[PDB]
Amino acid sequence: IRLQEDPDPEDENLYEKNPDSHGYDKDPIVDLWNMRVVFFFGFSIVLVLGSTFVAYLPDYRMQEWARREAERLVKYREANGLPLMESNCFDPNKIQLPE
Amino acid sequence: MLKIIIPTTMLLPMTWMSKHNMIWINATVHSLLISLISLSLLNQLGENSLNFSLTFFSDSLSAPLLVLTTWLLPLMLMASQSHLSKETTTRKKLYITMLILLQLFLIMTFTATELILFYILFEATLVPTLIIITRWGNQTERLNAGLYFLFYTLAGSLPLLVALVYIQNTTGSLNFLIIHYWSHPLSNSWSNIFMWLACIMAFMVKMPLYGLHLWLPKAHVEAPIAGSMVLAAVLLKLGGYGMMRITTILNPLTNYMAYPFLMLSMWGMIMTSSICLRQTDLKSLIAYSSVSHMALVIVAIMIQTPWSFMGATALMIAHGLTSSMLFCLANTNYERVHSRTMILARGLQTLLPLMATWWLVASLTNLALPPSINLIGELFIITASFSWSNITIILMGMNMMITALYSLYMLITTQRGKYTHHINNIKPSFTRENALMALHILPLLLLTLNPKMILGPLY
Amino acid sequence: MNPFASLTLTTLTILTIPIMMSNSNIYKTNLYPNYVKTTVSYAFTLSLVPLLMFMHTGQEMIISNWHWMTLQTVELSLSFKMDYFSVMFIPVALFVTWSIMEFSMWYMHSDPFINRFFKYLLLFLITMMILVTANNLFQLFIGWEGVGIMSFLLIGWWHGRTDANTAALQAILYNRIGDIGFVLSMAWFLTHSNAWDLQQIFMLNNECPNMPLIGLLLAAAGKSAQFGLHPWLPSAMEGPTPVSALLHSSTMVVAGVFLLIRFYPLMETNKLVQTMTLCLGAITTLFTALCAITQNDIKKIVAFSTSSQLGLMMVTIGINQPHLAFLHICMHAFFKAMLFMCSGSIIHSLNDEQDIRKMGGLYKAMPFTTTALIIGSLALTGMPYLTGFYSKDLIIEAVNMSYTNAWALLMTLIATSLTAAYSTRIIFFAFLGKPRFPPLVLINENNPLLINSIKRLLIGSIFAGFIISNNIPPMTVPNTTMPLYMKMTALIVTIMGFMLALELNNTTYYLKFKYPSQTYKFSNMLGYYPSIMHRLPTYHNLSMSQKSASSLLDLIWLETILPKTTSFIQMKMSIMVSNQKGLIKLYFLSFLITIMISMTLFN
Amino acid sequence: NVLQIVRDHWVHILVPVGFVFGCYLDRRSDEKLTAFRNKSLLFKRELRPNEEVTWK
Amino acid sequence: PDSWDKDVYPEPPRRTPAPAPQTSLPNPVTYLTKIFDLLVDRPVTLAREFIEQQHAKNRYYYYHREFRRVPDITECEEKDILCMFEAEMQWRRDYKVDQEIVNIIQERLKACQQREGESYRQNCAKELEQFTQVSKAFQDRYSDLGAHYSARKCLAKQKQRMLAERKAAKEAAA
Ligand SMILES: CCCCCCCCCCCCCCCCCC(=O)OC[C@H](COP(=O)([O-])OCC(O)COP(=O)([O-])OC[C@@H](COC(=O)CCCCCCCCCCCCCCCCC)OC(=O)CCCCCCCCCCCCCCCCC)OC(=O)CCCCCCCCCCCCCCCCC
Ligand SMILES: CCCCCCCC/C=C/CCCCCCCC(=O)OC[C@H](COP(=O)(O)OCCN)OC(=O)CCCCCCC/C=C/CCCCCCCC
């Protein structure tokens, strides 16, 4: 031997001392409460409440507003015979081309 | 963003003042609460971003990454508490402090509004990761892995710093809004070519790009479980976010300078999938799968079309979740048998059924299985690449075939077959491990249910 | 509201219901298989009702109930197309699944995971229904991959069997090539039509081109096991007999044919793709029949018969007769499911013996399975008034009367003859003669479940073809006038195959032994395709994956270029700089040289 | 006893009070950027009879 | 129904043929339709009536947000950040509205194809022309702007198109 080294320790099994162990801590009470807080907070709170919050987030992307505006524009344009989509985004009168 | 930044800086003293047996409980509970608070950033506008103040802003691209980071912190806490049972109280608190500092730096990086602050923070993320790897790694190669990771990132990113200060001197501002509104075309000159190279190469090394990726297998194999989870889930997404941010000022030079990177990305995607086909180590297989997916993201960003950006963002989120779940499963297998060899342990389906179910789900999400967000992102990228050119479909099909091949090869080798006779220390799966897998997999399916939240600003 | 949409969606939802109840005490007990069977029966009746609604007035609908997401100008929504194809295929699939589930209640009684088996069967049924009723390409792809992965999970039912694992992986590989084709078609369609739904695709693509149609053809070939991508289907017989009866032969292998049917306007618009489809179907049916006529595993023989029928369907699509293909799909589902159930009964009675060389005497040993198999083989070969008559006879007549490839027509006729031949082989080597099984006779086919399931599938093999043919509206111009010899071609070739195969089988009783011929060796070993094409490409790919990519590039040259050379140069320069002896004379002479250089070279 | 509960569980308020302080600081930063309030061309409007500012 | 506008979403008048039976056999479709109406339609109608009665007791309203027009990028001066911001926001809103217009036209096309069924190639030629025109205009507007599109890029593209048209007209007149 070249050192005064400890031998490699044996692997410790949590089920030996605590057959109904959740694998969080060696202490049974702390292990049980760690399982309880993780499950409750994570699953219940985060998953369920965040999912319903995201589901019912207000339509700030203006999808339905854009649909209503498009409906009004289509109705007005096809009622008056105008093209449904104007070929230019900006006004050629307001655009000044070089000579 | 202060309502999310300050709770992390309060996580730090809480962890350092908590009892010796309550550190994990307190950290997990309050990390979950912070994630729930950060879920409120997903309410974005369709016109512009959320400008909180002069320093921080949130966008449709920044919000999913912030939510992913905040959700990822407690999972890393669970895995770390798995593998650090015998550590001393001070060292446990130091590990939790490193994780908290990494999360804080990542949040500030994603919310930063200037390119220089973004650079400072995304370089500051190196120190906690390097310390974690080189201090709590298991094998000898952790030191070499840390050196490779550090020097690859820094050699990539220093020219980015020089180019950023040059751009500020030239134009007047590094603010993202100003450089977006006041953008001017980048003429075809050698100086512009080298500026483009500096920025793109920094973020490509961060991606990583094929040929500049060996640090990724070295670090991911040799890092502890928390380091492996954070490195693949989030730290690989800094390059993609940066490239999606800086490409505003690099046009139209990107049309001419993207060919070598596109060829590298496609061919290296094929090559890394082939490498996955012949891997004797599970963590290495997962690492090279990560490289292939990030190469696909690089292709999407380089082709740079509105359909490619949405696919890139969706694929980044999906890959983060999937790679984190795969690393967790491999870590449980390793803790069972104390070795990373793939063929050492077999029959884990007849020895551990629920873990076999988790493996099946993770491998199904790893390959593009509809209607998962993985498939959504991959399909958008494939469509954009098809519009770009019509042989990219050949390359993408080859990659998909090899991806399915190696994913199912890993699943069959680890789970199916007959159990190894001499391995009799495989105890039943823990409630902690099962909860970890469930919390990895359920958000992915919920994001599949609601997909517009991870498609970025181009949606 | 019209009850059409409500009843169709209700059938799909009640199919999905028992999956939700898989986390309950009913799933923990032994009533789950009966529960699933009852649900499938109720769904079958509830889907029979809309079939009556359609056959009266020809009502068709599309239901875009749920809007998923809008990619700018492309709207992806959950839409269901309830047309002739859907409302005719749903009740047939539900009926076959009901029969297979009762047969599995009998067959898998000793399996500890019979509940999981039934849950997997129900999931496959749900995914197949999604594929059939899908209205847009994304939903069609969802059903595609769902049935693919369910096939993967059910083929490798016994996880301890390396052959089962290899078969599952092989099926996945071939289906992934098909998926490559499918993704190509989807990408082209979206890029060039701004849509992923059939209505806009048909409206805009007045002349569909080679790239999308070839993508669709490749996907169909991969899913339906045409030539080139065929071997996965015969190898898929590693799973339990109920899986082979329900999934592959009856419902899943017709997914590619169904996909090609759903794009029949585009197929009509193009011609080169039609020629390619005709040639592919002809070569597939010929090759599979030729391999079938000399197999000794009954499941293998039935699998090759299924592949030959799929090739016949592909030929039918290629001659621009999409509706005859669908009719043949239905008839083939019926009688092939019955044949697989009879083969499974024979296998289970002889203690898991699947060799016709060990079967014999079953004509009188097992009466009911004997008569059922005889009826199924008569229907398969095209008996003049059975279920298979109303499809195969018309298909052959249309092939003879069309402007087609002469070689394709010849191969189709030869394939029909070889179909008769292998049906005769199965009957002769399984039921005629003296017993060859082990002496302990455990033969018992008196189970009510097996008897009732075979009874239900037996009435369909006789009467269903007549009803379906006489109820559907005329959707094609009949071939009223044709020469008498061309009118009787199918019967003539069928009888010739019967006679020649019967003579060749009767020659086996002689006390004469001869070494096998080269043709026999070629046909028995599946044409050597699995050997060469499963050893050479895989060996080369796995050798290049390690010698070139991993070792030569990643571990050697990518290391040598950037990180190793830099470290070597820095180490050499560091040694050169730090190698100093600490001599003031030396470095003061260096100072003098530096002073001179600074004075002279700097101005 | 009750004191030991507070002695050990007093760290559970640090994150909530940090969240409250962060919300307060967000309000403080928002109140410093009120230079174009009720002045943009798009959202310019006359004030309601019983209001002073359009937003805080 | 009054939920949508019949002009925006046209439907041709529905002509359902009258039943003319020619046999004494009872109609299973009619019998099953009567059973379905008795067992399902009446209960769902009663439930909906109860729900709508509950709704009418708490009737409240929501409005459609109105945006006024603002000066556009053509009027904005160079590097005038406020005007550029306003013009960019207005341009993005107009882009969203145009996308929804294209979506409406596509929905019309799909519905007409499904409704006509076997005679779609002839009876849907009217909706195909409108879709062709709308798609052409939308492509000319926002065809190749890229991921970082902006009102400035759209204006530059329009200027290039106008210059090309002027050059073509001059060449033709020469
Ligand atoms: C590169 C070439 C590419 C070719 C592409 C095209 C291929 C077309 C294929 C056509 C069908 C070929 C069928 C036979 C091949 C498989 C033979 C085999 O393995 O049998 C063992 C196998 C028995 O297996 P086993 O129980 O294990 O017994 C072990 C053997 O005994 C062990 O004894 P074995 O090993 O001695 O048994 C084999 C032996 C005995 O088998 C036979 O004799 C079978 C004969 C079948 C009938 C053929 C003549 C049909 C005449 C029809 C006449 C009427 C025409 C219509 C007009 C009527 C009014 C004018 O056969 C031969 O030696 C050759 C038979 C003919 C081969 C044709 C392909 C030639 C390949 C290249 C040349 C090779 C030459 C050298 C051979 C190798 C070196 C020695 O036989 C069967 O199961 C029955 C076979 C089927 C019989 C009925 C076939 C009817 C349909 C085909 C004829 C056409 C009918 C009309 C169609 C419609 C026209 C419009
Ligand atoms: C589009 C680009 C791709 C085109 C095809 C490329 C083929 C690349 C080959 C795949 C690489 C293989 C990597 C590892 C595969 C899995 C491991 C493996 O090899 O298992 C072998 C496994 C089991 O062997 P068994 O035959 O069952 O014998 C069992 C005895 N106990 O067999 C296989 O799965 C091999 C299948 C590979 C198929 C290769 C050839 C495929 C055919 C391609 C050409 C056909 C084109 C189709 C024409 C369509 C016309 C419209």
# chains A, B, ... in the order shown; residues from 1 in each chain; ligands from 1
>>> interface_residues(of="chain B", to="chain E", cutoff="12 Å", atoms="only C-alpha atoms", output="PDB file with C-alpha atoms, in the first residue's frame")
ATOM      1  CA  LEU B  45     -48.265  40.554 -26.911  1.00  0.00           C
ATOM      2  CA  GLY B  46     -48.495  39.908 -30.628  1.00  0.00           C
ATOM      3  CA  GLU B  47     -46.939  43.212 -31.678  1.00  0.00           C
ATOM      4  CA  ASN B  48     -43.895  43.832 -29.469  1.00  0.00           C
ATOM      5  CA  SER B  49     -42.230  42.509 -26.327  1.00  0.00           C
ATOM      6  CA  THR B 171     -23.522  52.548 -34.214  1.00  0.00           C
ATOM      7  CA  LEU B 177     -34.602  47.498 -29.663  1.00  0.00           C
ATOM      8  CA  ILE B 178     -32.351  50.193 -31.127  1.00  0.00           C
ATOM      9  CA  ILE B 179     -30.272  47.759 -33.181  1.00  0.00           C
ATOM     10  CA  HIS B 180     -33.539  46.298 -34.471  1.00  0.00           C
ATOM     11  CA  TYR B 181     -35.151  49.581 -35.537  1.00  0.00           C
ATOM     12  CA  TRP B 182     -31.922  51.252 -36.715  1.00  0.00           C
ATOM     13  CA  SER B 183     -30.529  48.226 -38.557  1.00  0.00           C
ATOM     14  CA  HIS B 184     -28.595  48.761 -41.781  1.00  0.00           C
ATOM     15  CA  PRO B 185     -27.517  46.185 -44.377  1.00  0.00           C
ATOM     16  CA  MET B 244     -31.818  34.384 -32.984  1.00  0.00           C
ATOM     17  CA  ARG B 245     -31.037  37.734 -31.327  1.00  0.00           C
ATOM     18  CA  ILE B 246     -27.908  38.858 -33.197  1.00  0.00           C
ATOM     19  CA  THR B 247     -28.992  37.896 -36.727  1.00  0.00           C
ATOM     20  CA  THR B 248     -30.911  41.186 -36.977  1.00  0.00           C
ATOM     21  CA  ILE B 249     -27.725  43.136 -37.759  1.00  0.00           C
ATOM     22  CA  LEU B 250     -26.033  40.470 -39.913  1.00  0.00           C
ATOM     23  CA  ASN B 251     -28.179  40.762 -43.018  1.00  0.00           C
ATOM     24  CA  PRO B 252     -27.806  40.375 -45.963  1.00  0.00           C
ATOM     25  CA  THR B 254     -26.063  35.749 -43.761  1.00  0.00           C
ATOM     26  CA  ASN B 255     -27.253  34.636 -47.211  1.00  0.00           C
ATOM     27  CA  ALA B 300     -33.236  26.310 -38.859  1.00  0.00           C
ATOM     28  CA  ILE B 301     -31.609  29.512 -37.594  1.00  0.00           C
ATOM     29  CA  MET B 302     -29.255  29.678 -40.582  1.00  0.00           C
ATOM     30  CA  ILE B 303     -31.994  29.251 -43.190  1.00  0.00           C
ATOM     31  CA  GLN B 304     -33.762  32.003 -41.228  1.00  0.00           C
ATOM     32  CA  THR B 305     -37.411  31.927 -42.290  1.00  0.00           C
ATOM     33  CA  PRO B 306     -40.477  32.639 -40.132  1.00  0.00           C
ATOM     34  CA  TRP B 307     -41.418  28.956 -40.261  1.00  0.00           C
ATOM     35  CA  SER B 308     -37.886  27.969 -39.219  1.00  0.00           C
ATOM     36  CA  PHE B 309     -37.766  30.180 -36.113  1.00  0.00           C
ATOM     37  CA  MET B 310     -40.966  28.711 -34.661  1.00  0.00           C
ATOM     38  CA  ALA B 384     -38.551  25.407 -44.102  1.00  0.00           C
ATOM     39  CA  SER B 387     -38.523  25.443 -49.219  1.00  0.00           C
ATOM     40  CA  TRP B 388     -34.815  26.300 -49.030  1.00  0.00           C
ATOM     41  CA  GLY B 456     -41.822  32.171 -30.409  1.00  0.00           C
ATOM     42  CA  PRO B 457     -42.513  35.685 -31.679  1.00  0.00           C
ATOM     43  CA  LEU B 458     -42.961  34.572 -35.300  1.00  0.00           C
ATOM     44  CA  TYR B 459     -46.267  32.892 -34.391  1.00  0.00           C
TER      45      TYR B 459
END
>>> interface_residues(of="chain B", to="chain C", cutoff="9 Å", atoms="only C-alpha atoms", output="ChimeraX atom specification")
/B:148,152,211-212,214,271-279,307,347,349-350,364,369-371,379-380,382-384,386-387,393-394,396-398,400-402,404-405,408-409,412,415-418,449-452,458-459
>>> write_last_selection(atoms="C-alpha atoms", output="tab-separated table (two decimals), in the first residue's frame")
chain	number	residue	atom	x	y	z
B	148	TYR	CA	-12.26	21.52	-22.45
B	152	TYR	CA	-13.94	26.02	-25.94
B	211	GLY	CA	-16.52	19.93	-35.37
B	212	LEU	CA	-16.63	22.17	-32.28
B	214	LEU	CA	-16.08	17.38	-28.23
B	271	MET	CA	-22.59	11.59	-38.41
B	272	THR	CA	-23.62	12.05	-34.77
B	273	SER	CA	-26.71	9.90	-35.27
B	274	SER	CA	-24.43	7.22	-36.74
B	275	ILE	CA	-22.14	7.62	-33.72
B	276	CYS	CA	-25.14	7.10	-31.46
B	277	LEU	CA	-25.73	3.82	-33.31
B	278	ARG	CA	-22.40	2.44	-31.98
B	279	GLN	CA	-22.05	3.83	-28.44
B	307	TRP	CA	-41.42	28.96	-40.26
B	347	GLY	CA	-33.98	-7.14	-18.07
B	349	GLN	CA	-38.36	-4.20	-17.76
B	350	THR	CA	-39.02	-7.43	-15.86
B	364	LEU	CA	-40.91	7.87	-27.92
B	369	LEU	CA	-43.49	10.97	-32.56
B	370	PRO	CA	-46.66	12.94	-33.35
B	371	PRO	CA	-48.20	15.08	-32.04
B	379	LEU	CA	-41.52	19.15	-39.05
B	380	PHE	CA	-41.47	22.95	-39.20
B	382	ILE	CA	-38.01	20.23	-42.35
B	383	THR	CA	-40.66	22.24	-44.23
B	384	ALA	CA	-38.55	25.41	-44.10
B	386	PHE	CA	-37.53	21.96	-48.10
B	387	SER	CA	-38.52	25.44	-49.22
B	393	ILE	CA	-35.51	16.45	-47.31
B	394	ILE	CA	-33.17	13.55	-48.10
B	396	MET	CA	-33.67	15.06	-42.79
B	397	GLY	CA	-35.20	11.70	-43.68
B	398	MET	CA	-31.87	9.96	-43.16
B	400	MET	CA	-35.06	10.72	-38.70
B	401	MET	CA	-34.49	7.08	-39.62
B	402	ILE	CA	-31.20	6.90	-37.72
B	404	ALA	CA	-35.54	6.18	-34.44
B	405	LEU	CA	-32.97	3.41	-34.87
B	408	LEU	CA	-35.14	2.07	-29.98
B	409	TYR	CA	-31.72	0.39	-29.81
B	412	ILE	CA	-34.27	-2.51	-26.26
B	415	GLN	CA	-34.95	-2.72	-20.85
B	416	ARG	CA	-35.66	-5.83	-22.95
B	417	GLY	CA	-33.97	-9.21	-22.98
B	418	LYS	CA	-33.12	-11.36	-19.98
B	449	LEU	CA	-51.87	20.23	-25.89
B	450	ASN	CA	-51.20	23.99	-26.09
B	451	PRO	CA	-48.47	24.54	-28.71
B	452	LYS	CA	-48.68	28.28	-29.42
B	458	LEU	CA	-42.96	34.57	-35.30
B	459	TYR	CA	-46.27	32.89	-34.39
>>> closest_atom_pairs(of="chain C", to="ligand 1", cutoff="6 Å", atoms="only C-alpha atoms and all ligand atoms", output="tab-separated table")
residue	atom	partner	partner_atom_place_in_ligand_line	distance
C:293	CA	ligand 1	83 (O)	4.6
C:294	CA	ligand 1	24 (O)	4.7
C:410	CA	ligand 1	100 (C)	5.9
C:413	CA	ligand 1	98 (C)	4.8
C:414	CA	ligand 1	97 (C)	4.2
C:417	CA	ligand 1	91 (C)	4.7
C:418	CA	ligand 1	91 (C)	5.1
C:421	CA	ligand 1	86 (C)	5.5
C:493	CA	ligand 1	98 (C)	5.6
C:497	CA	ligand 1	90 (C)	4.3
C:500	CA	ligand 1	88 (C)	4.6
C:501	CA	ligand 1	87 (C)	4.3
C:504	CA	ligand 1	84 (C)	5.9
C:516	CA	ligand 1	35 (O)	3.8
C:517	CA	ligand 1	35 (O)	3.7
C:518	CA	ligand 1	78 (C)	4.2
C:519	CA	ligand 1	78 (C)	5.0
C:520	CA	ligand 1	19 (O)	3.5
C:523	CA	ligand 1	19 (O)	5.8
>>> interface_residues(of="chain C", to="chain E", cutoff="12 Å", atoms="only C-alpha atoms", output="PyMOL selection string")
chain C and resi 1-4+6-7+46+48-64+70-77+81-83+135-136+192-206+265+475
>>> interface_residues(of="chain A", to="chain B", cutoff="10 Å", atoms="only C-alpha atoms", output="MDAnalysis selection string")
chainID A and resid 11:15 21:27 30:31 33:43 45:47 49:51 53:55 57:63
>>> atom_distance(atom1="CA of residue 340 in chain C", atom2="CA of residue 419 in chain C")
15.8 Å
>>> atom_distance(atom1="CA of residue 21 in chain E", atom2="CA of residue 474 in chain C")
20.0 Å
>>> residues_around(residues="residue 56 in chain D", least_positions_apart="2", cutoff="12 Å", atoms="only C-alpha atoms", output="list in words")
residues 26, 27, 28, 29, 30, 31, 32, 33, 34, 35, 37, 38, 51, 52, 53 and 54 of chain D
>>> write_last_selection(atoms="N, CA and C atoms", output="PDB file, in the first residue's frame")
ATOM      1  N   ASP D  26     -40.697  46.754  -9.173  1.00  0.00           N
ATOM      2  CA  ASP D  26     -41.249  46.841 -10.520  1.00  0.00           C
ATOM      3  C   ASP D  26     -42.153  48.057 -10.659  1.00  0.00           C
ATOM      4  N   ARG D  27     -42.999  48.305  -9.657  1.00  0.00           N
ATOM      5  CA  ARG D  27     -43.831  49.506  -9.684  1.00  0.00           C
ATOM      6  C   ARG D  27     -42.974  50.768  -9.686  1.00  0.00           C
ATOM      7  N   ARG D  28     -41.920  50.785  -8.868  1.00  0.00           N
ATOM      8  CA  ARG D  28     -41.044  51.952  -8.801  1.00  0.00           C
ATOM      9  C   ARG D  28     -40.351  52.209 -10.134  1.00  0.00           C
ATOM     10  N   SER D  29     -39.900  51.150 -10.806  1.00  0.00           N
ATOM     11  CA  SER D  29     -39.266  51.321 -12.109  1.00  0.00           C
ATOM     12  C   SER D  29     -40.279  51.754 -13.161  1.00  0.00           C
ATOM     13  N   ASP D  30     -41.516  51.262 -13.060  1.00  0.00           N
ATOM     14  CA  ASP D  30     -42.554  51.676 -13.997  1.00  0.00           C
ATOM     15  C   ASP D  30     -42.878  53.155 -13.849  1.00  0.00           C
ATOM     16  N   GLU D  31     -42.895  53.660 -12.614  1.00  0.00           N
ATOM     17  CA  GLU D  31     -43.257  55.057 -12.402  1.00  0.00           C
ATOM     18  C   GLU D  31     -42.189  56.031 -12.884  1.00  0.00           C
ATOM     19  N   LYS D  32     -41.000  55.551 -13.244  1.00  0.00           N
ATOM     20  CA  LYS D  32     -39.943  56.415 -13.752  1.00  0.00           C
ATOM     21  C   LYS D  32     -39.981  56.588 -15.264  1.00  0.00           C
ATOM     22  N   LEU D  33     -40.817  55.827 -15.969  1.00  0.00           N
ATOM     23  CA  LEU D  33     -40.899  55.875 -17.424  1.00  0.00           C
ATOM     24  C   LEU D  33     -42.217  56.474 -17.902  1.00  0.00           C
ATOM     25  N   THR D  34     -42.791  57.385 -17.123  1.00  0.00           N
ATOM     26  CA  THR D  34     -44.061  58.020 -17.472  1.00  0.00           C
ATOM     27  C   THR D  34     -43.847  59.323 -18.235  1.00  0.00           C
ATOM     28  N   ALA D  35     -43.071  59.259 -19.314  1.00  0.00           N
ATOM     29  CA  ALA D  35     -42.789  60.446 -20.110  1.00  0.00           C
ATOM     30  C   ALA D  35     -43.775  60.635 -21.250  1.00  0.00           C
ATOM     31  N   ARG D  37     -46.946  59.200 -21.167  1.00  0.00           N
ATOM     32  CA  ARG D  37     -48.231  58.735 -20.670  1.00  0.00           C
ATOM     33  C   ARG D  37     -49.346  59.642 -21.170  1.00  0.00           C
ATOM     34  N   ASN D  38     -50.359  59.034 -21.789  1.00  0.00           N
ATOM     35  CA  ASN D  38     -51.473  59.760 -22.399  1.00  0.00           C
ATOM     36  C   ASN D  38     -50.970  60.791 -23.406  1.00  0.00           C
ATOM     37  N   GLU D  51     -60.345  60.952 -12.886  1.00  0.00           N
ATOM     38  CA  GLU D  51     -59.044  60.305 -12.951  1.00  0.00           C
ATOM     39  C   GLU D  51     -57.968  61.347 -13.216  1.00  0.00           C
ATOM     40  N   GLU D  52     -56.751  61.040 -12.772  1.00  0.00           N
ATOM     41  CA  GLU D  52     -55.601  61.913 -12.974  1.00  0.00           C
ATOM     42  C   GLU D  52     -54.652  61.398 -14.045  1.00  0.00           C
ATOM     43  N   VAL D  53     -54.405  60.091 -14.077  1.00  0.00           N
ATOM     44  CA  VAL D  53     -53.479  59.489 -15.024  1.00  0.00           C
ATOM     45  C   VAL D  53     -54.152  58.294 -15.681  1.00  0.00           C
ATOM     46  N   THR D  54     -53.749  58.014 -16.922  1.00  0.00           N
ATOM     47  CA  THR D  54     -54.290  56.861 -17.632  1.00  0.00           C
ATOM     48  C   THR D  54     -53.847  55.555 -16.985  1.00  0.00           C
TER      49      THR D  54
END
>>> select_by_dssp(residues="chain D", states="alpha helix (DSSP H)", output="list in words")
residues 2, 3, 4, 5, 6, 7, 8, 9, 14, 15, 16, 17, 18, 19, 20, 21, 22, 23, 24, 25, 26, 27, 28, 29 and 30 of chain D
>>> closest_atom_pairs(of="chain E", to="chain D", cutoff="8 Å", atoms="only C-alpha atoms", output="tab-separated table")
residue	atom	partner	partner_atom	distance
E:67	CA	D:42	CA	6.8
E:68	CA	D:42	CA	6.1
E:69	CA	D:42	CA	7.3
E:70	CA	D:42	CA	6.6
E:86	CA	D:42	CA	7.7
>>> write_last_selection(atoms="C-alpha atoms", output="PDB file, in the first residue's frame")
ATOM      1  CA  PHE E  67     -57.215  51.429 -33.136  1.00  0.00           C
ATOM      2  CA  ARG E  68     -56.921  54.786 -34.866  1.00  0.00           C
ATOM      3  CA  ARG E  69     -54.646  55.297 -37.850  1.00  0.00           C
ATOM      4  CA  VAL E  70     -51.157  56.702 -37.278  1.00  0.00           C
ATOM      5  CA  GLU E  86     -45.700  53.718 -34.122  1.00  0.00           C
TER       6      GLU E  86
END
>>> atom_distance(atom1="CA of residue 398 in chain C", atom2="CA of residue 116 in chain E")
29.1 Å
>>> closest_atom_pairs(of="chain B", to="chain D", cutoff="10 Å", atoms="only C-alpha atoms", output="Markdown table")
| residue | atom | partner | partner_atom | distance |
| --- | --- | --- | --- | --- |
| B:1 | CA | D:26 | CA | 7.4 |
| B:2 | CA | D:22 | CA | 4.7 |
| B:3 | CA | D:22 | CA | 3.8 |
| B:4 | CA | D:19 | CA | 6.9 |
| B:5 | CA | D:22 | CA | 7.6 |
| B:6 | CA | D:18 | CA | 5.4 |
| B:7 | CA | D:15 | CA | 4.9 |
| B:8 | CA | D:15 | CA | 7.5 |
| B:9 | CA | D:18 | CA | 8.0 |
| B:10 | CA | D:15 | CA | 5.3 |
| B:11 | CA | D:15 | CA | 6.2 |
| B:12 | CA | D:15 | CA | 9.4 |
| B:13 | CA | D:14 | CA | 8.0 |
| B:14 | CA | D:11 | CA | 5.3 |
| B:15 | CA | D:11 | CA | 8.3 |
| B:16 | CA | D:11 | CA | 9.6 |
| B:17 | CA | D:11 | CA | 7.0 |
| B:18 | CA | D:11 | CA | 6.6 |
| B:19 | CA | D:8 | CA | 7.2 |
| B:22 | CA | D:8 | CA | 9.4 |
| B:26 | CA | D:12 | CA | 7.4 |
| B:27 | CA | D:12 | CA | 9.9 |
| B:29 | CA | D:12 | CA | 9.4 |
| B:30 | CA | D:15 | CA | 7.0 |
| B:31 | CA | D:15 | CA | 9.4 |
| B:33 | CA | D:15 | CA | 8.9 |
| B:34 | CA | D:15 | CA | 8.4 |
| B:37 | CA | D:19 | CA | 9.0 |
| B:51 | CA | D:30 | CA | 9.7 |
| B:52 | CA | D:30 | CA | 7.1 |
| B:53 | CA | D:29 | CA | 6.3 |
| B:54 | CA | D:29 | CA | 8.8 |
>>> interface_residues(of="chain A", to="chain E", cutoff="10 Å", atoms="only C-alpha atoms", output="PyMOL selection string")
chain A and resi 61-76+78-79+83-92+94-99
